């Protein structure tokens, strides 16, 4: 019974037998933001928070703010329209995508040890297959996220981007890794890095394969995910819903996970 499922869930939430895990980083001026080559493209802006009032002459009984905020800021969601490969989907925007897809079991692939050894670590199809053999098949409509514990760098932007003369160095997936996931008909793929692709994904074929391939198939991306170390490899539910921005290509989100405990 669908209803007993929901009531059961409501009770376990209230009792804490199902724990809500906060998978989101702090959104503010110090939030790390993508930096692109300025001869390649314009930058998304840094986050600004402007006071309107704080129990004062501008607003006696209340405190509130407004913001300068890019769609693609902090922990955030990538809609298919965000990439040329997904431009023609009429349901590829934040205000037109199908919300039934947004909530699903999540596969948490732990690559944190590898990531620390090599900042340019790449998750491959063979490695995903190995993970499947240990933990279980990745299923249709499920979330797949790469845990790297990159969020430990979220307090310092330079370290979070981890760039040198050759560019950003941060972990991510190979092109074949993404193709293989898309053959499993997943809903989307997520990272704890600045974007869904490795830092060095500009020199990949195709460039930015996560972005390219995910959106080609009308699938979603998630970036700057926090606290994937508190999720199990299998069995959690990921909730990742963008603001309903008009013709939005993306949005910051409050990524939440449901885990047993």
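Residue numbers count along the first chain shown, from 1.
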> For the C-alpha atoms alone, is the average B factor greater in 42-50 or in 189-197, going by the entry?
Replying inline: 42-50
>> Averaging CA B factors per stretch from the PDB record, which one is higher: 219-227 or 206-214?
In response: 206-214
> Based on the PDB record, which member of 181, 104, 117, 130 exhibits the highest Cα temperature factor?
Replying inline: 117
> Among 21, 238, 253, 18, which carries the highest Cα B-factor?
Replying inline: 18
>> Split into thirds by Cα B-factor across the chain's modelled residues, where does residue 232 land: lowest, middle or highest?
In response: lowest
>> Split into thirds by Cα B-factor across the chain's modelled residues, where does residue 122 land: lowest, middle or highest?
In response: middle
>> Could you place residue 138 in the lowest, middle or highest third of its chain by Cα temperature factor, using the values in the record?
In response: highest
> C-alpha B factor of residue 113, ranked within the chain: lowest, middle or highest third?
Replying inline: highest
> Comparing residue 257 with the other modelled residues of its chain, is its CA B-factor in the lowest, middle or highest third?
Replying inline: lowest
